[PDB]
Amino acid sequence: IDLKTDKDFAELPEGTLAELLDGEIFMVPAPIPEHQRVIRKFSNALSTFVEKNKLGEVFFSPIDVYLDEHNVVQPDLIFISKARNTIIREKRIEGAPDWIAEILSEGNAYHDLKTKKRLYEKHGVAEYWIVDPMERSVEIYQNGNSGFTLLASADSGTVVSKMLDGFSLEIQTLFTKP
């Protein structure tokens, strides 16, 4: 009866990084450098492939993605196809991206693993990558007529996208350092 809405989410004080999940507002903790390293490496690989094949647009956090009145999320890495370009608005994304990756944080992984997995499934995100920098592993889910099914789960070798035909990723290169 007291669900928070996108209007409540918009009224948060300037300088607040939060997400609205199932009508509840959650503060997101500041990420640590290793989390940012992984997003940088993933975005570089994804952006290069998207740009070479003119597939659409890549964004990374912070960026608001409105899904419905009770759900506004800030995914780590998103891809929006040319066909769905109109969901990119002046101040946020309005509608589900085609493709999302979340990079886990040890103290805040439940929403990536459970709550947003269901949300992204419901709203038709076609492919969802969950990257775990603590286990140095990836899980890939593909959407379909019966929701998400596990496409790949690995901490070694190469994983390939299904919806981004030709995109592959050598998993251990997400986590390496000088």
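Residue positions are given as counts along the sequence shown, with the first one as 1.
Checked against the record, the higher mean CA B factor of 135 to 143 and 33 to 41 lies with 135 to 143. Comparing 146 to 154 with 55 to 63, the stretch with the higher mean C-alpha B-factor in the PDB entry is 146 to 154. For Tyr110, the recorded CA B-factor ranks within the lowest third of the chain. Only modelled residues enter the ranking.
When the modelled residues of the chain are ordered by their C-alpha B factor, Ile130 lands in the lowest third.
Among all modelled residues in this chain, the alpha-carbon of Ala101 has a temperature factor (C-alpha) in the lowest third.
Placement of the Cα temperature factor of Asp68 within the chain: middle third of the modelled residues, per the deposited record.
Ranked within its chain, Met27 lands in the highest third, by CA B factor from the PDB record.
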